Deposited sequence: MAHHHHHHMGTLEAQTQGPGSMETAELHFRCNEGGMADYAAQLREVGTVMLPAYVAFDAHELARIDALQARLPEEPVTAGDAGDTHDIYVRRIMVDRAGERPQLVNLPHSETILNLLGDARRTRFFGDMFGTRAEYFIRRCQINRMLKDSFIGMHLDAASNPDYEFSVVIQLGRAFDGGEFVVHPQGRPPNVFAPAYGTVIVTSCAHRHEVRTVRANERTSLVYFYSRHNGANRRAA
């Protein structure tokens, strides 16, 4: 009956980490985390990747993280170039502060999701793929679309609704169920990746 809609956080690091802490999700405005020319590069690079259906959602894998296995680079060489940006010193410091820990974090899984009109992502928990995922990061590469809100459903709270634009970045804790609502026009393209302090094998049973 009631849903809490969020705009991009207009503050700084102290504000970003506090919203992630209290709310569990924060949306950063373009182009704080990744500069526009960097997103332009990522966009040119991901196009070169092989696409597979997963048919109203098409997925371009960069890094896979199968049950019982350790994270694996795939679709070389352009996957690694994208990953190099995601894990460079600027981003490592940026998300290190964002998460509020000195501990080393690893990017375990990473892919481009291309969602066509009338696609959606039903309710789920990222922890179900890997119980050690702590945070998820989503970069919006979709130039223009309707619908497609990223919705988080924390236990005993109103849903938190995020409408993302090109260049925005959502950071969210994997402790909350979440979903993407129906895409209502053109297509919605996002780079999604997952952070864990564990770099060993995925403890989800295969």
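- Coordinate coverage of the deposited sequence breaks at 1-23, 78-85, these segments carrying no C-alpha atoms.
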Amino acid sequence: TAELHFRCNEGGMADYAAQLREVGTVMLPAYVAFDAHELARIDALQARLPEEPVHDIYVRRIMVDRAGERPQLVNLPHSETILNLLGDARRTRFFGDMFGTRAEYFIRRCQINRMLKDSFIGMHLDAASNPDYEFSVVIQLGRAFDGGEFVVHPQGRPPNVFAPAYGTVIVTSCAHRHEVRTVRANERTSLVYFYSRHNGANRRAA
From here on, numbers count along this sequence of modelled residues.
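- The PDB entry reports B-factors from which the mean C-alpha value can be compared for 104-112 and 72-80; the larger average falls on 72-80.
- For the pair 55-63 and 34-42, the record assigns the higher mean C-alpha temperature factor to 55-63.
- Ranking 175, 161, 141, 170 by Cα temperature factor from the entry places 175 first.
- Ranked by Cα temperature factor within the chain, residue 92 sits in the middle third according to the deposited record.
- Sort the chain's modelled residues by C-alpha temperature factor and residue 190 lands in the middle third, per the entry.
- For residue 148, the recorded CA B-factor ranks within the middle third of the chain. Only modelled residues enter the ranking.
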